Amino acid sequence: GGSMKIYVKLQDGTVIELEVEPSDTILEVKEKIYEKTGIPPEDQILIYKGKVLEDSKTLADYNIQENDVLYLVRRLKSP
(Lines give C-alpha, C1' and ligand atoms only; values in the text may rest on other atoms or scores of the structure.)
Protein backbone atom coordinates (compact mmCIF):
# COMPACT_ATOMS: atom_id res chain seq x y z
CA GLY A 1 0.00 0.00 0.00
CA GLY A 2 2.96 2.21 -0.67
CA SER A 3 5.20 0.58 1.92
CA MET A 4 8.45 2.48 2.32
CA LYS A 5 11.41 3.01 4.64
CA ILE A 6 11.96 6.27 6.51
CA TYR A 7 14.71 7.16 8.96
CA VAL A 8 14.57 8.92 12.34
CA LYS A 9 17.69 10.54 13.78
CA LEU A 10 17.98 10.65 17.57
CA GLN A 11 19.73 13.32 19.64
CA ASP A 12 22.59 10.91 20.40
CA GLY A 13 23.30 10.70 16.64
CA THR A 14 21.99 7.21 15.94
CA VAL A 15 19.47 6.67 13.17
CA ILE A 16 16.61 4.17 13.29
CA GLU A 17 14.76 2.82 10.28
CA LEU A 18 10.96 2.47 10.16
CA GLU A 19 8.64 0.62 7.80
CA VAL A 20 5.70 2.94 7.07
CA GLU A 21 3.11 3.77 4.41
CA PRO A 22 1.91 7.21 3.28
CA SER A 23 -1.47 7.05 5.06
CA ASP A 24 0.22 6.55 8.46
CA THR A 25 -0.44 9.43 10.81
CA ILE A 26 2.39 11.07 12.74
CA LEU A 27 0.98 9.59 15.94
CA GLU A 28 1.23 6.15 14.33
CA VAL A 29 4.85 6.89 13.42
CA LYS A 30 5.48 7.76 17.08
CA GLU A 31 3.87 4.43 18.01
CA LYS A 32 6.33 2.63 15.69
CA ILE A 33 9.19 4.53 17.33
CA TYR A 34 7.83 3.53 20.76
CA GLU A 35 7.82 -0.11 19.67
CA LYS A 36 11.51 0.18 18.78
CA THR A 37 12.75 2.44 21.60
CA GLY A 38 10.34 2.48 24.54
CA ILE A 39 9.91 6.26 24.24
CA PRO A 40 6.20 7.03 24.83
CA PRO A 41 4.56 8.95 21.96
CA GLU A 42 3.55 11.73 24.36
CA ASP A 43 7.27 12.28 25.03
CA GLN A 44 8.21 12.44 21.31
CA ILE A 45 8.56 15.57 19.21
CA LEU A 46 9.14 14.80 15.52
CA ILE A 47 10.72 17.37 13.18
CA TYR A 48 10.80 17.36 9.38
CA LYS A 49 12.38 20.13 7.29
CA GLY A 50 12.71 22.34 10.35
CA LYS A 51 9.11 22.02 11.53
CA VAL A 52 7.39 20.12 14.34
CA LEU A 53 4.89 17.60 12.96
CA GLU A 54 1.26 17.35 14.09
CA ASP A 55 0.02 13.96 15.35
CA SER A 56 -3.19 13.96 13.33
CA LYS A 57 -1.64 14.60 9.89
CA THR A 58 -0.23 11.89 7.63
CA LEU A 59 3.15 11.26 6.03
CA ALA A 60 1.51 11.96 2.66
CA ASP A 61 0.22 15.29 4.02
CA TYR A 62 3.85 16.29 4.68
CA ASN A 63 5.18 14.73 1.45
CA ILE A 64 7.41 12.46 3.52
CA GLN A 65 8.74 9.80 1.15
CA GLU A 66 11.12 6.84 0.99
CA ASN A 67 14.53 7.50 2.62
CA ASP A 68 13.54 10.88 4.09
CA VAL A 69 15.02 11.69 7.51
CA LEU A 70 12.97 12.91 10.49
CA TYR A 71 14.45 14.17 13.76
CA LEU A 72 13.32 13.04 17.20
CA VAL A 73 13.57 15.22 20.29
CA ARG A 74 12.63 13.47 23.51
CA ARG A 75 10.70 15.19 26.32
CA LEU A 76 11.05 14.41 30.03
CA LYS A 77 7.43 14.80 31.19
CA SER A 78 5.64 13.60 34.30
CA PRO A 79 3.34 10.63 33.38
# chains A, B, ... in the order shown; residues from 1 in each chain; ligands from 1
call {"tool": "residues_around", "arguments": {"residues": "residue 24 of chain A", "least_positions_apart": "4", "cutoff": "9 Å", "atoms": "only C-alpha atoms", "output": "ChimeraX atom specification"}}
result
/A:20,28-29,57-60
call {"tool": "write_last_selection", "arguments": {"atoms": "N, CA, C and O atoms", "output": "tab-separated table (two decimals), in the first residue's frame"}}
result
chain	number	residue	atom	x	y	z
A	20	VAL	N	6.89	2.10	6.99
A	20	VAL	CA	5.70	2.94	7.07
A	20	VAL	C	4.97	2.89	5.73
A	20	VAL	O	5.42	2.25	4.78
A	28	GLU	N	0.90	7.54	14.61
A	28	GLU	CA	1.23	6.15	14.33
A	28	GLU	C	2.73	5.96	14.12
A	28	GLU	O	3.30	4.96	14.55
A	29	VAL	N	3.40	6.95	13.52
A	29	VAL	CA	4.85	6.89	13.42
A	29	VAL	C	5.49	6.91	14.81
A	29	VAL	O	6.44	6.16	15.09
A	57	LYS	N	-1.90	14.59	11.32
A	57	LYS	CA	-1.64	14.60	9.89
A	57	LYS	C	-0.89	13.34	9.47
A	57	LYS	O	-0.35	12.60	10.29
A	58	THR	N	-0.86	13.09	8.16
A	58	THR	CA	-0.23	11.89	7.63
A	58	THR	C	1.13	12.19	7.00
A	58	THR	O	1.48	13.35	6.73
A	59	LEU	N	1.89	11.12	6.77
A	59	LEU	CA	3.15	11.26	6.03
A	59	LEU	C	2.89	11.84	4.65
A	59	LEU	O	3.63	12.74	4.20
A	60	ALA	N	1.83	11.40	3.98
A	60	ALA	CA	1.51	11.96	2.66
A	60	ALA	C	1.18	13.44	2.76
A	60	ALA	O	1.55	14.23	1.87
call {"tool": "select_by_dssp", "arguments": {"residues": "chain A", "states": "helix (DSSP H, G or I)", "output": "list in words"}}
result
residues 26, 27, 28, 29, 30, 31, 32, 33, 34, 35, 36, 37, 41, 42 and 43 of chain A
call {"tool": "residues_around", "arguments": {"residues": "segment 36-47 of chain A", "least_positions_apart": "5", "cutoff": "7 Å", "atoms": "only C-alpha atoms", "output": "PDB file with N, CA and C atoms, in the first residue's frame"}}
result
ATOM      1  N   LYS A  30       4.970   7.753  15.713  1.00  0.00           N
ATOM      2  CA  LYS A  30       5.475   7.761  17.084  1.00  0.00           C
ATOM      3  C   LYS A  30       5.229   6.417  17.763  1.00  0.00           C
ATOM      4  N   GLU A  31       4.110   5.764  17.455  1.00  0.00           N
ATOM      5  CA  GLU A  31       3.871   4.434  18.014  1.00  0.00           C
ATOM      6  C   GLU A  31       4.891   3.414  17.498  1.00  0.00           C
ATOM      7  N   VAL A  52       7.988  21.157  13.504  1.00  0.00           N
ATOM      8  CA  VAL A  52       7.392  20.119  14.344  1.00  0.00           C
ATOM      9  C   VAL A  52       6.135  19.583  13.674  1.00  0.00           C
ATOM     10  N   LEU A  53       6.005  18.252  13.631  1.00  0.00           N
ATOM     11  CA  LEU A  53       4.894  17.595  12.957  1.00  0.00           C
ATOM     12  C   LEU A  53       3.704  17.401  13.894  1.00  0.00           C
ATOM     13  N   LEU A  70      13.625  12.139   9.445  1.00  0.00           N
ATOM     14  CA  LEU A  70      12.967  12.911  10.489  1.00  0.00           C
ATOM     15  C   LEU A  70      13.886  12.988  11.700  1.00  0.00           C
ATOM     16  N   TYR A  71      13.655  13.984  12.555  1.00  0.00           N
ATOM     17  CA  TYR A  71      14.451  14.172  13.760  1.00  0.00           C
ATOM     18  C   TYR A  71      13.579  14.022  14.993  1.00  0.00           C
ATOM     19  N   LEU A  72      14.061  13.270  15.974  1.00  0.00           N
ATOM     20  CA  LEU A  72      13.320  13.035  17.204  1.00  0.00           C
ATOM     21  C   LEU A  72      13.967  13.781  18.359  1.00  0.00           C
ATOM     22  N   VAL A  73      13.163  14.568  19.058  1.00  0.00           N
ATOM     23  CA  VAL A  73      13.566  15.216  20.294  1.00  0.00           C
ATOM     24  C   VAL A  73      12.693  14.618  21.379  1.00  0.00           C
ATOM     25  N   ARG A  74      13.330  14.078  22.397  1.00  0.00           N
ATOM     26  CA  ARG A  74      12.625  13.474  23.507  1.00  0.00           C
ATOM     27  C   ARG A  74      12.364  14.457  24.641  1.00  0.00           C
ATOM     28  N   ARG A  75      11.136  14.433  25.153  1.00  0.00           N
ATOM     29  CA  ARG A  75      10.698  15.193  26.318  1.00  0.00           C
ATOM     30  C   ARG A  75      10.780  14.358  27.591  1.00  0.00           C
ATOM     31  N   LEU A  76      11.117  15.011  28.699  1.00  0.00           N
ATOM     32  CA  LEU A  76      11.052  14.409  30.030  1.00  0.00           C
ATOM     33  C   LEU A  76       9.835  15.015  30.731  1.00  0.00           C
ATOM     34  N   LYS A  77       8.708  14.305  30.682  1.00  0.00           N
ATOM     35  CA  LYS A  77       7.434  14.800  31.186  1.00  0.00           C
ATOM     36  C   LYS A  77       6.881  13.846  32.233  1.00  0.00           C
TER      37      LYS A  77
END
call {"tool": "closest_residue", "arguments": {"among": "A:66, A:61, A:35, A:17", "to": "residue 4 of chain A", "atoms": "only C-alpha atoms"}}
result
A:66
call {"tool": "select_by_dssp", "arguments": {"residues": "chain A", "states": "strand (DSSP E or B)", "output": "NGL selection string"}}
result
:A and (4-9 or 15-20 or 25 or 44-48 or 51-52 or 58 or 69-74)
call {"tool": "write_last_selection", "arguments": {"atoms": "N, CA, C and O atoms", "output": "short mmCIF file (atom, residue, chain, number, x, y, z; two decimals), in the first residue's frame"}}
result
data_model
loop_
_atom_site.label_atom_id
_atom_site.label_comp_id
_atom_site.auth_asym_id
_atom_site.auth_seq_id
_atom_site.Cartn_x
_atom_site.Cartn_y
_atom_site.Cartn_z
N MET A 4 7.19 1.79 2.56
CA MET A 4 8.45 2.48 2.32
C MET A 4 9.23 2.54 3.62
O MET A 4 8.69 2.32 4.71
N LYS A 5 10.53 2.82 3.50
CA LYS A 5 11.41 3.01 4.64
C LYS A 5 11.60 4.50 4.88
O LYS A 5 11.86 5.24 3.93
N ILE A 6 11.49 4.93 6.13
CA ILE A 6 11.96 6.27 6.51
C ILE A 6 12.93 6.11 7.67
O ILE A 6 13.04 5.05 8.28
N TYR A 7 13.65 7.18 7.96
CA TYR A 7 14.71 7.16 8.96
C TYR A 7 14.44 8.25 9.98
O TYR A 7 13.93 9.31 9.63
N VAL A 8 14.73 7.96 11.25
CA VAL A 8 14.57 8.92 12.34
C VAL A 8 15.91 9.06 13.06
O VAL A 8 16.44 8.07 13.58
N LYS A 9 16.43 10.28 13.11
CA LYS A 9 17.69 10.54 13.78
C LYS A 9 17.42 10.99 15.21
O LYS A 9 16.62 11.91 15.43
N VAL A 15 20.58 6.57 14.10
CA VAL A 15 19.47 6.67 13.17
C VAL A 15 18.75 5.33 13.16
O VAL A 15 19.38 4.28 12.99
N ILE A 16 17.43 5.37 13.35
CA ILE A 16 16.61 4.17 13.29
C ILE A 16 15.80 4.18 12.01
O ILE A 16 15.47 5.23 11.45
N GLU A 17 15.50 2.99 11.52
CA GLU A 17 14.76 2.82 10.28
C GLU A 17 13.37 2.28 10.60
O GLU A 17 13.24 1.37 11.42
N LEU A 18 12.35 2.86 9.97
CA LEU A 18 10.96 2.47 10.16
C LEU A 18 10.33 2.04 8.84
O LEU A 18 10.56 2.66 7.79
N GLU A 19 9.51 0.99 8.90
CA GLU A 19 8.64 0.62 7.80
C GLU A 19 7.29 1.30 7.98
O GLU A 19 6.64 1.14 9.01
N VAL A 20 6.89 2.10 6.99
CA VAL A 20 5.70 2.94 7.07
C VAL A 20 4.97 2.89 5.73
O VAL A 20 5.42 2.25 4.78
N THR A 25 -0.49 8.14 10.14
CA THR A 25 -0.44 9.43 10.81
C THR A 25 0.87 9.58 11.58
O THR A 25 1.57 8.60 11.85
N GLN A 44 7.52 12.29 22.59
CA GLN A 44 8.21 12.44 21.31
C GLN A 44 7.79 13.71 20.60
O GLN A 44 6.59 13.97 20.44
N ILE A 45 8.78 14.49 20.16
CA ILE A 45 8.56 15.57 19.21
C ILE A 45 9.30 15.19 17.93
O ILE A 45 10.50 14.91 17.97
N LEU A 46 8.57 15.13 16.83
CA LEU A 46 9.14 14.80 15.52
C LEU A 46 9.25 16.05 14.65
O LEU A 46 8.32 16.86 14.58
N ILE A 47 10.40 16.21 14.00
CA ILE A 47 10.72 17.37 13.18
C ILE A 47 11.04 16.91 11.77
O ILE A 47 11.79 15.95 11.58
N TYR A 48 10.48 17.61 10.78
CA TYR A 48 10.80 17.36 9.38
C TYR A 48 10.94 18.69 8.65
O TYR A 48 10.03 19.52 8.71
N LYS A 51 10.43 21.74 11.01
CA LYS A 51 9.11 22.02 11.53
C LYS A 51 8.64 20.85 12.38
O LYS A 51 8.89 19.70 12.04
N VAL A 52 7.99 21.16 13.50
CA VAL A 52 7.39 20.12 14.34
C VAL A 52 6.13 19.58 13.67
O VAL A 52 5.30 20.35 13.18
N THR A 58 -0.86 13.09 8.16
CA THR A 58 -0.23 11.89 7.63
C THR A 58 1.13 12.19 7.00
O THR A 58 1.48 13.35 6.73
N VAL A 69 14.54 11.72 6.13
CA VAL A 69 15.02 11.69 7.51
C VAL A 69 14.19 12.65 8.36
O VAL A 69 14.07 13.84 8.02
N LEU A 70 13.63 12.14 9.44
CA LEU A 70 12.97 12.91 10.49
C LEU A 70 13.89 12.99 11.70
O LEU A 70 14.80 12.18 11.86
N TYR A 71 13.65 13.98 12.56
CA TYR A 71 14.45 14.17 13.76
C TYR A 71 13.58 14.02 14.99
O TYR A 71 12.49 14.59 15.06
N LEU A 72 14.06 13.27 15.97
CA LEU A 72 13.32 13.04 17.20
C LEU A 72 13.97 13.78 18.36
O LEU A 72 15.16 13.62 18.62
N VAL A 73 13.16 14.57 19.06
CA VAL A 73 13.57 15.22 20.29
C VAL A 73 12.69 14.62 21.38
O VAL A 73 11.46 14.59 21.26
N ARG A 74 13.33 14.08 22.40
CA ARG A 74 12.63 13.47 23.51
C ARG A 74 12.36 14.46 24.64
O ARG A 74 13.24 15.24 25.01
#
call {"tool": "atom_distance", "arguments": {"atom1": "atom CA of residue 33 of chain A", "atom2": "atom CA of residue 21 of chain A"}}
result
14.3 Å
call {"tool": "atom_distance", "arguments": {"atom1": "atom CA of residue 62 of chain A", "atom2": "atom CA of residue 23 of chain A"}}
result
10.7 Å
call {"tool": "closest_residue", "arguments": {"among": "A:50, A:34, A:22, A:65", "to": "residue 2 of chain A", "atoms": "only C-alpha atoms"}}
result
A:22
call {"tool": "decode", "arguments": {"residues": "segment 52-79 of chain A", "atoms": "N, CA, C and O atoms", "output": "tab-separated table (two decimals), in the first residue's frame"}}
result
chain	number	residue	atom	x	y	z
A	52	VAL	N	7.99	21.16	13.50
A	52	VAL	CA	7.39	20.12	14.34
A	52	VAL	C	6.13	19.58	13.67
A	52	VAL	O	5.30	20.35	13.18
A	53	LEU	N	6.01	18.25	13.63
A	53	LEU	CA	4.89	17.60	12.96
A	53	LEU	C	3.70	17.40	13.89
A	53	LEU	O	3.87	17.17	15.09
A	54	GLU	N	2.50	17.51	13.33
A	54	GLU	CA	1.26	17.35	14.09
A	54	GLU	C	0.78	15.90	14.04
A	54	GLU	O	0.76	15.28	12.97
A	55	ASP	N	0.40	15.37	15.21
A	55	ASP	CA	0.02	13.96	15.35
A	55	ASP	C	-1.06	13.53	14.35
A	55	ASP	O	-1.05	12.40	13.85
A	56	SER	N	-2.03	14.40	14.08
A	56	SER	CA	-3.19	13.96	13.33
A	56	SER	C	-2.97	13.97	11.82
A	56	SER	O	-3.79	13.38	11.10
A	57	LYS	N	-1.90	14.59	11.32
A	57	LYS	CA	-1.64	14.60	9.89
A	57	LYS	C	-0.89	13.34	9.47
A	57	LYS	O	-0.35	12.60	10.29
A	58	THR	N	-0.86	13.09	8.16
A	58	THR	CA	-0.23	11.89	7.63
A	58	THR	C	1.13	12.19	7.00
A	58	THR	O	1.48	13.35	6.73
A	59	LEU	N	1.89	11.12	6.77
A	59	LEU	CA	3.15	11.26	6.03
A	59	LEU	C	2.89	11.84	4.65
A	59	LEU	O	3.63	12.74	4.20
A	60	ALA	N	1.83	11.40	3.98
A	60	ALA	CA	1.51	11.96	2.66
A	60	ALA	C	1.18	13.44	2.76
A	60	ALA	O	1.55	14.23	1.87
A	61	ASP	N	0.51	13.86	3.84
A	61	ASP	CA	0.22	15.29	4.02
A	61	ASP	C	1.49	16.12	3.99
A	61	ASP	O	1.51	17.22	3.42
A	62	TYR	N	2.56	15.61	4.60
A	62	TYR	CA	3.85	16.29	4.68
A	62	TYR	C	4.79	15.94	3.54
A	62	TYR	O	5.94	16.41	3.54
A	63	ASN	N	4.34	15.15	2.57
A	63	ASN	CA	5.18	14.73	1.45
A	63	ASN	C	6.44	14.02	1.94
A	63	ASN	O	7.53	14.17	1.37
A	64	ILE	N	6.30	13.26	3.02
A	64	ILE	CA	7.41	12.46	3.52
A	64	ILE	C	7.46	11.18	2.71
A	64	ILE	O	6.47	10.44	2.64
A	65	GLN	N	8.61	10.91	2.08
A	65	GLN	CA	8.74	9.80	1.15
A	65	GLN	C	9.89	8.90	1.55
A	65	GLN	O	10.62	9.16	2.51
A	66	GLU	N	10.04	7.80	0.81
A	66	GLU	CA	11.12	6.84	0.99
A	66	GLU	C	12.46	7.54	1.22
A	66	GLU	O	12.83	8.47	0.49
A	67	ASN	N	13.17	7.09	2.26
A	67	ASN	CA	14.53	7.50	2.62
A	67	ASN	C	14.61	8.91	3.20
A	67	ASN	O	15.72	9.37	3.48
A	68	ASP	N	13.49	9.60	3.40
A	68	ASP	CA	13.54	10.88	4.09
A	68	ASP	C	13.93	10.68	5.56
A	68	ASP	O	13.69	9.64	6.17
A	69	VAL	N	14.54	11.72	6.13
A	69	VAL	CA	15.02	11.69	7.51
A	69	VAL	C	14.19	12.65	8.36
A	69	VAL	O	14.07	13.84	8.02
A	70	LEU	N	13.63	12.14	9.44
A	70	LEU	CA	12.97	12.91	10.49
A	70	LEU	C	13.89	12.99	11.70
A	70	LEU	O	14.80	12.18	11.86
A	71	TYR	N	13.65	13.98	12.56
A	71	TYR	CA	14.45	14.17	13.76
A	71	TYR	C	13.58	14.02	14.99
A	71	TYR	O	12.49	14.59	15.06
A	72	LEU	N	14.06	13.27	15.97
A	72	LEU	CA	13.32	13.04	17.20
A	72	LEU	C	13.97	13.78	18.36
A	72	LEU	O	15.16	13.62	18.62
A	73	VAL	N	13.16	14.57	19.06
A	73	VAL	CA	13.57	15.22	20.29
A	73	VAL	C	12.69	14.62	21.38
A	73	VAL	O	11.46	14.59	21.26
A	74	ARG	N	13.33	14.08	22.40
A	74	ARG	CA	12.63	13.47	23.51
A	74	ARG	C	12.36	14.46	24.64
A	74	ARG	O	13.24	15.24	25.01
A	75	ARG	N	11.14	14.43	25.15
A	75	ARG	CA	10.70	15.19	26.32
A	75	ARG	C	10.78	14.36	27.59
A	75	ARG	O	10.57	13.14	27.56
A	76	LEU	N	11.12	15.01	28.70
A	76	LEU	CA	11.05	14.41	30.03
A	76	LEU	C	9.84	15.01	30.73
A	76	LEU	O	9.92	16.11	31.30
A	77	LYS	N	8.71	14.30	30.68
A	77	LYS	CA	7.43	14.80	31.19
A	77	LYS	C	6.88	13.85	32.23
A	77	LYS	O	6.98	12.62	32.09
A	78	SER	N	6.29	14.41	33.28
A	78	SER	CA	5.64	13.60	34.30
A	78	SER	C	4.47	12.83	33.70
A	78	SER	O	3.58	13.43	33.08
A	79	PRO	N	4.42	11.50	33.86
A	79	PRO	CA	3.34	10.63	33.38
A	79	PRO	C	1.98	10.94	34.02
A	79	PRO	O	1.92	11.69	35.00
